[PDB]
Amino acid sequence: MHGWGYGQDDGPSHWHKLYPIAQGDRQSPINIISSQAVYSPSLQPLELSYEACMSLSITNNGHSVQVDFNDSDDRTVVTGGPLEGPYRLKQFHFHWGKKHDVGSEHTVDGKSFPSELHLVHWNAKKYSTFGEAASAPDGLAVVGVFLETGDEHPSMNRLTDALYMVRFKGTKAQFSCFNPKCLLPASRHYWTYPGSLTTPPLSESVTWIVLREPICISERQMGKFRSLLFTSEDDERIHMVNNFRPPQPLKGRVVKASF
């Protein structure tokens, strides 16, 4: 194949042609069967410690919109949960659908949400850089958050209005002072399991922490996401929607629940 994406010919069903781990045994996302999750009271409490999160840029890369963070210090970290130590926040990005019915990567008891946020952290204690950690075992901790449609979300206009600046693939804009505290739900309950990156290279490097409680945005904010393009300034315009990987087989992994 010549590239990867979400189209008919370059989409998730074909990724295995370039990325054979696509058919491996620790692949994400999965369908979370709520009643087959194993309670785990032994888990430490999940601490998204984001007080000094210092944002740097927002970028459309042809697959998602993505915001990066400085990660020179252990300032912005996730700790506790199933994590044997702290992980430095690198970036967040979203996945979403054509319609309300689809868009999220993980499903709960067969049910999709219209979007899913992924906060990507790395193990800077063990590994020297993020690209290294990104393909190593226990290199990453990804926290996912579903999004339903409902009433408005104020903190999430600063993000959503910036989407106009970065609408073509390849465009990057300064994005200072966005703290992602404002994208987290009240509850810190979660499911966790070992899995992979959901886009190439699909490395089996991820401890997934999926939050139980979603955040709400308005159909209106949701629509601004759909006004992004997969494609660059000098090509035919194809809007970014259905940029998600379906659930993958569990092949015997344990999904722990913290509640």
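Start at 1 with the first residue shown and count on from there.
- Stretch comparison (152-160 versus 105-113) by mean CA B-factor in the PDB entry places 152-160 on top.
- Per the PDB record, of the two stretches 84-92 and 163-171, 163-171 carries the greater mean B-factor over its C-alpha atoms.
- For the set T198, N31, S205, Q44, the maximum C-alpha B-factor listed in the entry falls on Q44.
- Of the candidates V67, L228, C216, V210, the one whose C-alpha carries the top B factor in the deposited record is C216.
- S135: CA B factor in the lowest third of modelled residues in this chain (values from the PDB entry).
- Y193: CA B factor lies in the lowest third for its chain, per the PDB record.
- When the CA B factors of the chain's modelled residues are split into thirds, the value for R237 lands in the highest one.
- When the CA B factors of the chain's modelled residues are split into thirds, the value for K98 lands in the middle one.
- When the CA B factors of the chain's modelled residues are split into thirds, the value for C177 lands in the highest one.
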